[PDB]
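The next block holds one structure in the form of structure tokens; read it before the comments.
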Amino acid sequence: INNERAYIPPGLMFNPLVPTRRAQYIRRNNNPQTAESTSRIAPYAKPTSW
Amino acid sequence: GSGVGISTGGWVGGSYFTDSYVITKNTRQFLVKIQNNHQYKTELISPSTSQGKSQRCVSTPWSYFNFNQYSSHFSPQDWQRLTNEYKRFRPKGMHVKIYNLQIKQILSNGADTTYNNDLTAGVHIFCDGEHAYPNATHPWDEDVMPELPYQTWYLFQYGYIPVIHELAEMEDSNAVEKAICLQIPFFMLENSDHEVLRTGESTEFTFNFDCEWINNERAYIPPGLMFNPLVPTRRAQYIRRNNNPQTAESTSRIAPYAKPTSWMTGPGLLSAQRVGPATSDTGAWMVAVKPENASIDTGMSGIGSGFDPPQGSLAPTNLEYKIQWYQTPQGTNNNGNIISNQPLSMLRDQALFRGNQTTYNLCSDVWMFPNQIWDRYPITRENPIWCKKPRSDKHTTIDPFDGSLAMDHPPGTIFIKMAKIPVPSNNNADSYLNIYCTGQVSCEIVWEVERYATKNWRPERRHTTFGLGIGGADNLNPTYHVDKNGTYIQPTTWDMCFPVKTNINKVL
Amino acid sequence: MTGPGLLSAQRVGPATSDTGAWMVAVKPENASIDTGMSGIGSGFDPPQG
Amino acid sequence: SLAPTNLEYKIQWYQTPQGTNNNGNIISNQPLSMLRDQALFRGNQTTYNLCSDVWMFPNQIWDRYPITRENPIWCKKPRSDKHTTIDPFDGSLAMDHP
Amino acid sequence: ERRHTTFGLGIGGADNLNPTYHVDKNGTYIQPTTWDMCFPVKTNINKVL
Amino acid sequence: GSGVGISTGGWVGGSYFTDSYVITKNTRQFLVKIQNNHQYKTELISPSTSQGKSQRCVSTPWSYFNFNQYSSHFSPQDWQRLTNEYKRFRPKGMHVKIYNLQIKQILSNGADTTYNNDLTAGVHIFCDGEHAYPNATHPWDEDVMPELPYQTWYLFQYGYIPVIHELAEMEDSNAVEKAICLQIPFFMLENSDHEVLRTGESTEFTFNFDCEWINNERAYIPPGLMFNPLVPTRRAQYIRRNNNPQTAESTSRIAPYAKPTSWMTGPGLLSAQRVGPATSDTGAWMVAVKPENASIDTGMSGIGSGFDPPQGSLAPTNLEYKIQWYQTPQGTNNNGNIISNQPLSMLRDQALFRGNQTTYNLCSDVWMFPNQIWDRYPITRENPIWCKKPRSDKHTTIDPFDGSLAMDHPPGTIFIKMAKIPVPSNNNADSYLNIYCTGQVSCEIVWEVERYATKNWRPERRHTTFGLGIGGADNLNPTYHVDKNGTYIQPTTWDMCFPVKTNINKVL
Amino acid sequence: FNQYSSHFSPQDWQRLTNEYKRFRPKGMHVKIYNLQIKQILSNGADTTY
Amino acid sequence: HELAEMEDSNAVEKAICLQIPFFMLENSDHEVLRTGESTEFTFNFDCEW
């Protein structure tokens, strides 16, 4: 039985300074607005497993 | 000999390829830039668009070596020599050598620049054997080694997220976000000891891997399709009264073909859709936290991380789940931008239907279930080799949907810094001497490899250059090759990069 | 907790058509498909377990 | 895991036989550990909507219940043919033979 | 990092005197009231994941 | 290897923590500035406000390493790991290494600057094993090592007071101040031999401590409160005739509770008040000298030293006795400015009353008395580790009220200088080449440490981060942590710094 | 015997909760001894042993 | 008793009230004796004349 604490979620482990090679396709929104577009994932908030 | 004027080690490379193992050797030229002065700060990154997540992070003077990717260690021929000729492979070990260091002492007279070289200067080099410290390496990221040697390798600053920025933002009150703000850990690479190196000195590092095989193999049929359709079956189908249109209930023997099966499809999550504008972290699945009180701004958003790709397995509906990457920092929205594709392996596709008493209707979710089989992501030459499995009490099967791998202890990240050299002043300080380092890393890794034999009569499939296509400048030069103009032409879409798991075959 | 099962589905259509109430199938991204579902993949039997 | 909505999921105990409905009655709380909270959202193409369930899934990580001094040390894992990961949500422990 | 102080504890029993884990006057062991009193593991130290 | 281009030693740190002992390791980057040309002078410091003390002192070309403080050798976690987990500790030994030296040869073309590095240059390094020489180190001072590594460490000039400036000022006459002026000693670090180092060379120093334990422990009751109050006592109280208001004399048995005690309170001096304006040395107790004739200006003042804090022990009346410090050179009158506080330990408070036949009246003084018990100052992470006990024929118990410690031979101060490199001229001289040194000190000290066991049923007390609080820039980041902006946030008031002696317990 | 508060004083607990990553019970040893059989008697009301 | 009495407020007497130690002679082991058994104890003195 482990007495220990994770100071961050497991999906929050990454260097936010470094850019990522990945992309986000976003479907046509079909109301309100903002038709579909693809874009690179921001350096912060990289996707995760886990 | 020893000292300045005597090179420490020579260049290395060229791979190997023996039936039992493959030794890939690589060497680079790198430079350390003195990031972030030598002080740390925090930096509270954000764009603005202040609605963004605005993770606070931490910046450090340190830079690190990221060796994690296949295209770094394998030439387009070395890859495709194993992808064609072997069932499976896993990295057995790793050996890294820093050597031939140089400290060049940037000078500025205004405009211009001058480099006086230097001696009597130093470079800090630190490795993680314990994987204490937040370990910057994330599977995709950028950089790693340039897939192409002779290409100088610029290191990137080391940073980490101490705590979620929201939840400790903090809003008035609170004492729930006061804690978690008080508890944010602060890590420093000074702490545990590490080596400093002048020019004449070098350093070696070794690594060993407790590691799962990555399999290059193909299932020619679904696992539920394995049976002799000629032989009749002993089994029966009761079918409930249809209650419109017609055809009252009846029992019947299952046809010799199309026998029932065990072996459920692999799990996936198909229902969600990515949410909102880009730069806001649209994952379609946010893990987050949600402590019981805390406080939260707009979001969701904005807390936690997007889960990508769901999937896994369970062939996706549209492009939104299909992964993607730009294989280039210059890549704009649509440019670079090679998109993952189906291997045509049968494992590995896995719809699920259920419904309706009348029609079958593809079902969202499909969580874990006892008999499930899925095939790990087929990867490709562009993928990260490994990913660190975070230490926790309990976990499930641990199959990352990025492909890659999970290890308790991956290769320890090698950190390197420029050894602040201060200069006197009246105030006094903060002032330091402007220098940079340059040298050669040789990453030599051994791959446990297994060679395939099969009873199939037919030719199976390999990776030709004919999947490749012509590009760059005036169209001349094909794909992996220089421009005129010379710029390495990047492979466009998925088949160019030659994925494992699309070749050979396996009887299930 | 109790053991897992799948109870929602119902076997679909006439006999000899492989009515499993759960079809695993494949669905590659393009391909082409006739009537079905049906007709691709295998019925999962018994759900339960 | 999967931080609860209201008190109804939050466990509770009276740490006393004399404990009436509200008396004794110490209630479990969040450790503030980050593992260990774990919402999940999905939805909507527009908004995220906290989702019920979340069954087992390949990449999952959770943190075993933080327990406390008042908890049972162990629990007997009943003999059966098949079972899953076996993490009791009371904290405690599972053993073939306690 | 973080530890378990008695300051998480609080005074109770009879006339309020005696803090928490302690006898009453009257002596009856004062019981810890709510969760932090009982000192849970996993709220302390830290681990790099 | 050896010579330029081969680093002499690597970085070190990270502490240790075994039950029997704790090994703290630290490393720094320092620079020596060539203070005071290479000549000595005297400098007759003073402000003006000519009424001030105007100590004459002496300046030297030398700089010195001050290792004396706890916050230098212990991270905020290492401290609080021993403060929570151990009864007592004392430094067992000390090992210091100068290495990775650099001589950078300042140049000025006007405005700007340039640093050509240098070779064939040297650095003088001298240590005191005998503690001859005036030994600059004073417990509080400034500087020491920066509590935070990676922070370059600027050395400070070595100087000393040869003789009290007044008494030898001297006024007309005198022959009483003519002597004591003639007898002022003049110390020089050239004298006894010492090592010079070019770049490739390094130096080590070791130290051993004959040293008293510093105890982290708490008395839950006064020493006079130890008795079984249930059991009756055999003793009696005669009480004199009251002579107003009433109640003529009577004898009676002492109540079972509140039995008399031995064990007087520790000594203190509470009567005095600090005298006059700041910068005039207001101590509230001046030791001075007063030779029989001499001559003296205004003052008191102005001769001798203020005694601080009185106290000791004997809980103070107002802030004036409560010590204080700014934990920062930028600290203004009220800023920084963390003030000492009561440990809530019961030893350690110690009023005394006497009086009146009617009322008790808190009494000034309380000198030494046979049965006295007091508790040494609880210290904290910010305190000096040791103080040198001056050599003299006779002395009393020797408990410094700054906490710290007294030793016959403390760690010998390590002195370092830039090795004057002259340049030819016609006059000729005085002229020299402008250089500075840079390098790395590693102070690795071993701590005899003892771990606590007790029969108490109850949880006792520890040091949480919850005593800590949020600060810096926009309020984000808690306490020991970087700003954004990164500047290490300083702990504000007393509990932040985690004092020993406020935890555990001890049966007296 | 199953509970932590039975085997750990409020200080023993919090000595491990503060000072250790992890713990599991390694072994257990139980001893019944100093037995007494007191033979309840009732003459009505009262009691005698 | 005073100083932890405690008067309204306080948090200065709240501490020193929270920190009151509670000692129990059960704790450390000791001998039980029926009739037939006995016990010896010895002591040595570092002591002034």
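Labeling convention for the structure tokens: chains A, B, ... as they appear, residues from 1 per chain, ligands from 1 in order of appearance.
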For residue 41 in chain D: contacts at 12 Å, only C-alpha atoms, fewer than 3 positions along chain excluded, given as number ranges by chain: B: 269, 271-275, 282-290, 299-301, 303-307; D: 2, 38, 44-54
Output N, CA, C and O atoms for every residue in the selection just made, as a short mmCIF file (atom, residue, chain, number, x, y, z; two decimals), in the first residue's frame.
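Final file, part-v4.cif:
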data_model
loop_
_atom_site.label_atom_id
_atom_site.label_comp_id
_atom_site.auth_asym_id
_atom_site.auth_seq_id
_atom_site.Cartn_x
_atom_site.Cartn_y
_atom_site.Cartn_z
N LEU B 269 -13.12 4.26 -28.27
CA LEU B 269 -14.13 5.25 -27.94
C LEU B 269 -14.40 6.10 -29.17
O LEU B 269 -13.58 6.94 -29.54
N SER B 271 -17.54 7.90 -29.71
CA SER B 271 -18.73 8.74 -29.68
C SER B 271 -18.40 10.23 -29.71
O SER B 271 -19.11 11.02 -30.33
N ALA B 272 -17.32 10.62 -29.04
CA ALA B 272 -17.01 12.01 -28.78
C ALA B 272 -16.60 12.74 -30.05
O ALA B 272 -16.31 12.14 -31.09
N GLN B 273 -16.62 14.07 -29.98
CA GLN B 273 -16.12 14.94 -31.04
C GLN B 273 -15.26 16.03 -30.42
O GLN B 273 -15.57 16.53 -29.34
N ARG B 274 -14.18 16.38 -31.11
CA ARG B 274 -13.31 17.44 -30.61
C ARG B 274 -14.09 18.73 -30.43
O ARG B 274 -14.97 19.07 -31.23
N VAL B 275 -13.75 19.46 -29.38
CA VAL B 275 -14.59 20.52 -28.85
C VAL B 275 -13.90 21.87 -28.97
O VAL B 275 -12.91 22.13 -28.27
N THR B 282 -8.33 20.69 -27.92
CA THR B 282 -9.52 19.92 -28.25
C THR B 282 -9.13 18.45 -28.39
O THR B 282 -8.50 18.07 -29.38
N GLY B 283 -9.51 17.64 -27.42
CA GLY B 283 -9.15 16.24 -27.45
C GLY B 283 -10.27 15.27 -27.76
O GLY B 283 -10.03 14.10 -28.06
N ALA B 284 -11.51 15.75 -27.68
CA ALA B 284 -12.77 15.02 -27.71
C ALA B 284 -12.94 14.16 -26.46
O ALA B 284 -14.07 13.80 -26.14
N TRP B 285 -11.89 13.86 -25.72
CA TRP B 285 -11.99 13.21 -24.42
C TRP B 285 -11.00 13.92 -23.51
O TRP B 285 -9.80 13.88 -23.76
N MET B 286 -11.51 14.56 -22.46
CA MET B 286 -10.66 15.24 -21.50
C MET B 286 -10.66 14.42 -20.22
O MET B 286 -11.72 14.05 -19.72
N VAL B 287 -9.47 14.12 -19.71
CA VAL B 287 -9.37 13.32 -18.50
C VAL B 287 -9.60 14.18 -17.26
O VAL B 287 -10.31 13.78 -16.33
N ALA B 288 -9.00 15.36 -17.22
CA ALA B 288 -9.10 16.31 -16.13
C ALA B 288 -8.86 15.73 -14.74
O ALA B 288 -8.19 14.70 -14.59
N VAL B 289 -9.45 16.36 -13.73
CA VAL B 289 -9.37 15.94 -12.34
C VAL B 289 -10.71 16.14 -11.62
O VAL B 289 -11.33 15.18 -11.17
N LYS B 290 -11.12 17.40 -11.50
CA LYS B 290 -12.29 17.80 -10.73
C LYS B 290 -12.20 17.41 -9.25
O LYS B 290 -12.91 16.51 -8.80
N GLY B 299 -14.52 26.04 -18.75
CA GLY B 299 -13.90 24.73 -18.81
C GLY B 299 -14.29 23.82 -17.66
O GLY B 299 -14.85 24.33 -16.69
N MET B 300 -14.05 22.50 -17.71
CA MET B 300 -13.48 21.70 -18.83
C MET B 300 -12.23 22.31 -19.49
O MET B 300 -11.25 22.55 -18.80
N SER B 301 -12.27 22.54 -20.79
CA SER B 301 -11.22 23.25 -21.52
C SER B 301 -9.82 22.57 -21.32
O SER B 301 -9.69 21.45 -21.79
N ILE B 303 -8.70 22.22 -18.17
CA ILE B 303 -8.15 21.35 -17.13
C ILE B 303 -7.95 19.98 -17.75
O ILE B 303 -8.70 19.57 -18.65
N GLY B 304 -6.93 19.28 -17.30
CA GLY B 304 -6.65 17.96 -17.82
C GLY B 304 -6.22 17.97 -19.27
O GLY B 304 -6.00 19.00 -19.89
N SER B 305 -6.13 16.76 -19.82
CA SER B 305 -5.49 16.54 -21.10
C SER B 305 -6.45 15.86 -22.06
O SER B 305 -7.32 15.09 -21.63
N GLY B 306 -6.30 16.15 -23.34
CA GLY B 306 -7.08 15.44 -24.34
C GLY B 306 -6.52 14.05 -24.57
O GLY B 306 -5.31 13.84 -24.62
N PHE B 307 -7.42 13.08 -24.71
CA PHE B 307 -7.04 11.70 -24.96
C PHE B 307 -7.08 11.44 -26.46
O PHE B 307 -8.12 11.63 -27.10
N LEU D 2 -12.26 8.40 -9.75
CA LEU D 2 -13.28 9.11 -10.51
C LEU D 2 -14.11 10.02 -9.62
O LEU D 2 -15.24 9.67 -9.28
N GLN D 38 -9.85 12.36 -11.54
CA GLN D 38 -10.22 11.61 -12.73
C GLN D 38 -11.70 11.79 -13.11
O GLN D 38 -12.53 10.92 -12.92
N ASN D 44 -19.09 17.45 -26.93
CA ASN D 44 -20.45 17.32 -27.43
C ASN D 44 -20.34 17.63 -28.91
O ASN D 44 -21.32 17.57 -29.65
N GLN D 45 -19.10 17.96 -29.31
CA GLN D 45 -18.68 18.76 -30.45
C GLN D 45 -18.75 20.25 -30.10
O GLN D 45 -18.17 21.06 -30.82
N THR D 46 -19.39 20.61 -28.99
CA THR D 46 -19.52 21.98 -28.54
C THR D 46 -19.06 22.11 -27.09
O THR D 46 -18.23 22.96 -26.78
N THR D 47 -19.65 21.33 -26.19
CA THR D 47 -19.34 21.37 -24.77
C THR D 47 -18.87 19.99 -24.33
O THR D 47 -19.18 18.98 -24.96
N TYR D 48 -18.08 19.94 -23.26
CA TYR D 48 -17.76 18.68 -22.61
C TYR D 48 -18.81 18.37 -21.55
O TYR D 48 -19.26 19.28 -20.85
N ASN D 49 -19.20 17.11 -21.44
CA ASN D 49 -20.24 16.69 -20.51
C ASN D 49 -19.77 15.48 -19.72
O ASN D 49 -19.62 14.40 -20.28
N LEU D 50 -19.61 15.66 -18.41
CA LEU D 50 -19.14 14.58 -17.55
C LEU D 50 -19.96 13.32 -17.77
O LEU D 50 -21.19 13.34 -17.73
N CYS D 51 -19.27 12.20 -18.00
CA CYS D 51 -19.91 10.97 -18.43
C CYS D 51 -19.97 9.96 -17.30
O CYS D 51 -18.98 9.75 -16.59
N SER D 52 -21.13 9.35 -17.14
CA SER D 52 -21.34 8.22 -16.25
C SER D 52 -20.58 7.00 -16.76
O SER D 52 -20.10 6.96 -17.89
N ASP D 53 -20.46 5.99 -15.88
CA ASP D 53 -19.69 4.79 -16.15
C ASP D 53 -18.21 5.13 -16.27
O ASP D 53 -17.67 5.71 -15.33
N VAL D 54 -17.58 4.88 -17.42
CA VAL D 54 -16.14 4.68 -17.55
C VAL D 54 -15.73 3.34 -16.95
O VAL D 54 -15.27 3.26 -15.81
#
Define the interface residues of chain F facing chain E as those within 8 Å, counting only C-alpha atoms, and report them as a PDB file with N, CA and C atoms, in the first residue's frame.
ATOM      1  N   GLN F  77      13.544  20.901   1.753  1.00  0.00           N
ATOM      2  CA  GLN F  77      13.107  19.556   2.098  1.00  0.00           C
ATOM      3  C   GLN F  77      14.109  18.783   2.941  1.00  0.00           C
ATOM      4  N   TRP F 457       1.466   8.686  22.942  1.00  0.00           N
ATOM      5  CA  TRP F 457       0.394   8.090  22.161  1.00  0.00           C
ATOM      6  C   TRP F 457      -0.035   8.983  21.012  1.00  0.00           C
ATOM      7  N   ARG F 458       0.079  10.271  21.172  1.00  0.00           N
ATOM      8  CA  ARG F 458      -0.538  11.251  20.300  1.00  0.00           C
ATOM      9  C   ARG F 458       0.357  11.645  19.131  1.00  0.00           C
ATOM     10  N   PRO F 459      -0.231  12.249  18.095  1.00  0.00           N
ATOM     11  CA  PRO F 459       0.492  12.470  16.834  1.00  0.00           C
ATOM     12  C   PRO F 459       1.710  13.394  16.895  1.00  0.00           C
ATOM     13  N   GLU F 460       1.914  14.161  17.956  1.00  0.00           N
ATOM     14  CA  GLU F 460       2.989  15.182  18.042  1.00  0.00           C
ATOM     15  C   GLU F 460       2.806  16.187  16.902  1.00  0.00           C
ATOM     16  N   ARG F 461       3.884  16.686  16.309  1.00  0.00           N
ATOM     17  CA  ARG F 461       3.808  17.817  15.397  1.00  0.00           C
ATOM     18  C   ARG F 461       4.932  17.708  14.385  1.00  0.00           C
ATOM     19  N   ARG F 462       4.672  18.188  13.175  1.00  0.00           N
ATOM     20  CA  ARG F 462       5.655  18.166  12.111  1.00  0.00           C
ATOM     21  C   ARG F 462       5.642  19.515  11.417  1.00  0.00           C
ATOM     22  N   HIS F 463       6.427  19.638  10.357  1.00  0.00           N
ATOM     23  CA  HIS F 463       6.431  20.845   9.548  1.00  0.00           C
ATOM     24  C   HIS F 463       5.781  20.539   8.211  1.00  0.00           C
ATOM     25  N   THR F 464       4.553  21.003   8.050  1.00  0.00           N
ATOM     26  CA  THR F 464       3.850  20.971   6.786  1.00  0.00           C
ATOM     27  C   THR F 464       4.254  22.155   5.924  1.00  0.00           C
ATOM     28  N   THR F 465       4.050  22.003   4.619  1.00  0.00           N
ATOM     29  CA  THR F 465       3.991  23.168   3.753  1.00  0.00           C
ATOM     30  C   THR F 465       2.821  24.074   4.107  1.00  0.00           C
ATOM     31  N   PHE F 466       1.841  23.595   4.865  1.00  0.00           N
ATOM     32  CA  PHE F 466       0.710  24.463   5.147  1.00  0.00           C
ATOM     33  C   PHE F 466       1.080  25.638   6.032  1.00  0.00           C
TER      34      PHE F 466
END
At most 6 Å to chain A: residues in chain G, only C-alpha atoms, as an MDAnalysis selection string: chainID G and resid 21:23
With N, CA, C and O atoms retained, export the selected residues as a PDB file, in the first residue's frame.
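Output contents, as saved in selection35.pdb:
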ATOM      1  N   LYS G  21       7.496   5.580   2.057  1.00  0.00           N
ATOM      2  CA  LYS G  21       6.738   5.484   0.814  1.00  0.00           C
ATOM      3  C   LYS G  21       5.610   4.483   0.928  1.00  0.00           C
ATOM      4  O   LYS G  21       4.472   4.759   0.548  1.00  0.00           O
ATOM      5  N   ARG G  22       5.924   3.282   1.385  1.00  0.00           N
ATOM      6  CA  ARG G  22       5.001   2.182   1.227  1.00  0.00           C
ATOM      7  C   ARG G  22       5.257   1.167   2.315  1.00  0.00           C
ATOM      8  O   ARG G  22       6.347   1.092   2.880  1.00  0.00           O
ATOM      9  N   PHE G  23       4.231   0.383   2.605  1.00  0.00           N
ATOM     10  CA  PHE G  23       4.350  -0.638   3.623  1.00  0.00           C
ATOM     11  C   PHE G  23       3.337  -1.723   3.336  1.00  0.00           C
ATOM     12  O   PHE G  23       2.298  -1.472   2.733  1.00  0.00           O
TER      13      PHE G  23
END
Neighbours of residue 52 in chain F within 8 Å (only C-alpha atoms; same-chain residues fewer than 2 positions away dropped), as a compact mmCIF listing (two decimals) with N, CA and C atoms, in the first residue's frame?
# COMPACT_ATOMS: atom_id res chain seq x y z
N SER F 46 33.32 54.17 9.25
CA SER F 46 32.44 55.26 9.68
C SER F 46 31.32 55.54 8.69
N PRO F 47 30.17 55.99 9.15
CA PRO F 47 29.38 56.92 8.33
C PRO F 47 29.64 58.34 8.80
N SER F 48 29.03 59.33 8.17
CA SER F 48 29.03 60.67 8.76
C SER F 48 27.70 61.41 8.57
N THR F 49 27.00 61.83 9.64
CA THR F 49 27.00 61.33 11.04
C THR F 49 28.33 60.98 11.73
N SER F 50 29.25 61.95 11.73
CA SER F 50 30.56 61.75 12.33
C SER F 50 30.48 61.31 13.79
N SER F 54 32.84 54.79 13.91
CA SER F 54 33.98 55.06 13.04
C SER F 54 35.13 54.10 13.31
N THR F 279 22.49 53.15 13.25
CA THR F 279 23.85 53.28 12.74
C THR F 279 24.82 53.67 13.85
N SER F 280 24.33 53.95 15.05
CA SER F 280 25.16 54.26 16.21
C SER F 280 25.46 53.04 17.06
N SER F 301 28.37 54.80 23.37
CA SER F 301 28.20 54.78 21.92
C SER F 301 28.82 53.49 21.28
N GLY F 302 29.88 53.47 20.45
CA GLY F 302 31.00 54.39 20.31
C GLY F 302 32.26 53.79 20.91
Check: which chain G residues lie within 10 Å of chain E using only C-alpha atoms, as a PyMOL selection string: chain G and resi 5+9-11+13-22
Prev. selection, N, CA and C atoms, output as a PDB file, in the first residue's frame:
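out-v8.pdb was written with the following content:
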ATOM      1  N   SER G   5      -6.025   1.118  12.901  1.00  0.00           N
ATOM      2  CA  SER G   5      -6.051   1.805  14.181  1.00  0.00           C
ATOM      3  C   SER G   5      -5.876   0.861  15.350  1.00  0.00           C
ATOM      4  N   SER G   9      -0.619   3.219  17.136  1.00  0.00           N
ATOM      5  CA  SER G   9      -1.000   4.384  17.889  1.00  0.00           C
ATOM      6  C   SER G   9      -1.077   5.576  16.953  1.00  0.00           C
ATOM      7  N   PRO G  10      -1.819   6.613  17.325  1.00  0.00           N
ATOM      8  CA  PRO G  10      -1.847   7.812  16.490  1.00  0.00           C
ATOM      9  C   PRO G  10      -0.484   8.401  16.220  1.00  0.00           C
ATOM     10  N   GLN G  11       0.519   8.124  17.047  1.00  0.00           N
ATOM     11  CA  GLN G  11       1.874   8.517  16.688  1.00  0.00           C
ATOM     12  C   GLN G  11       2.598   7.500  15.820  1.00  0.00           C
ATOM     13  N   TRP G  13       1.319   5.268  13.604  1.00  0.00           N
ATOM     14  CA  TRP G  13       0.732   5.872  12.426  1.00  0.00           C
ATOM     15  C   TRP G  13       1.078   7.344  12.472  1.00  0.00           C
ATOM     16  N   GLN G  14       1.359   7.941  11.323  1.00  0.00           N
ATOM     17  CA  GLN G  14       1.964   9.269  11.189  1.00  0.00           C
ATOM     18  C   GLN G  14       3.462   9.250  11.418  1.00  0.00           C
ATOM     19  N   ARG G  15       4.008   8.249  12.076  1.00  0.00           N
ATOM     20  CA  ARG G  15       5.438   8.080  11.938  1.00  0.00           C
ATOM     21  C   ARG G  15       5.779   7.346  10.660  1.00  0.00           C
ATOM     22  N   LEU G  16       4.985   6.351  10.277  1.00  0.00           N
ATOM     23  CA  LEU G  16       5.181   5.738   8.972  1.00  0.00           C
ATOM     24  C   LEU G  16       4.532   6.533   7.854  1.00  0.00           C
ATOM     25  N   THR G  17       3.375   7.131   8.109  1.00  0.00           N
ATOM     26  CA  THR G  17       2.717   7.899   7.064  1.00  0.00           C
ATOM     27  C   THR G  17       3.574   9.075   6.635  1.00  0.00           C
ATOM     28  N   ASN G  18       4.331   9.648   7.566  1.00  0.00           N
ATOM     29  CA  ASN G  18       5.230  10.733   7.205  1.00  0.00           C
ATOM     30  C   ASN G  18       6.537  10.213   6.628  1.00  0.00           C
ATOM     31  N   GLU G  19       7.090   9.152   7.201  1.00  0.00           N
ATOM     32  CA  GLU G  19       8.472   8.795   6.928  1.00  0.00           C
ATOM     33  C   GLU G  19       8.663   7.706   5.885  1.00  0.00           C
ATOM     34  N   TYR G  20       7.609   7.138   5.311  1.00  0.00           N
ATOM     35  CA  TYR G  20       7.812   6.005   4.418  1.00  0.00           C
ATOM     36  C   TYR G  20       6.949   6.084   3.169  1.00  0.00           C
ATOM     37  N   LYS G  21       7.496   5.580   2.057  1.00  0.00           N
ATOM     38  CA  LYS G  21       6.738   5.484   0.814  1.00  0.00           C
ATOM     39  C   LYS G  21       5.610   4.483   0.928  1.00  0.00           C
ATOM     40  N   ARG G  22       5.924   3.282   1.385  1.00  0.00           N
ATOM     41  CA  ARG G  22       5.001   2.182   1.227  1.00  0.00           C
ATOM     42  C   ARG G  22       5.257   1.167   2.315  1.00  0.00           C
TER      43      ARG G  22
END
Atom-to-atom span, CA of residue 26 in chain C and CA of residue 40 in chain C, Å: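 So the two atoms, CA of residue 26 in chain C and CA of residue 40 in chain C, lie 7.3 Å apart.
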Chain H contacts to chain E at 10 Å (only C-alpha atoms) as a ChimeraX atom specification: /H:1,4-6,11,14-23
Residues of chain D within 9 Å of chain C, only C-alpha atoms counted, as a ChimeraX atom specification: /D:82-84
Chain D contacts on chain A, only C-alpha atoms, 7 Å, as a ChimeraX atom specification: /A:5-9,49-50
Distance query range 237-253 of chain B at most 10 Å, only C-alpha atoms, self and fewer than 2 positions along chain excluded, as a VMD selection string: (chain B and resid 232 to 235 255 to 256 357 to 358) or (chain C and resid 10 to 16 18 to 21 45)
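For the atom pair formed by CA of residue 391 in chain F and CA of residue 135 in chain F, the distance is 12.8 Å, given to one decimal.
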Atomic separation - CA of residue 10 in chain A relative to CA of residue 85 in chain D, Å: 19.5 Å
Spatial neighbours of residue 15 in chain A, 6 Å, only C-alpha atoms, chain gap at least 4 places, as a count of residues only: 3
Tell me which protein, DNA and RNA residues are within 10 Å of residue 317 in chain B, counting only C-alpha atoms, leaving out same-chain ones fewer than 6 positions away, and put them as a CSV table (one decimal) with C-alpha atoms, in the first residue's frame.
chain,number,residue,atom,x,y,z
B,270,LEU,CA,-15.9,6.6,-31.0
B,271,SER,CA,-18.7,8.7,-29.7
B,311,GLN,CA,-10.0,4.6,-31.3
C,27,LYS,CA,-15.0,-2.0,-41.7
C,28,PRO,CA,-11.9,-0.8,-43.5
C,29,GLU,CA,-12.1,2.9,-44.2
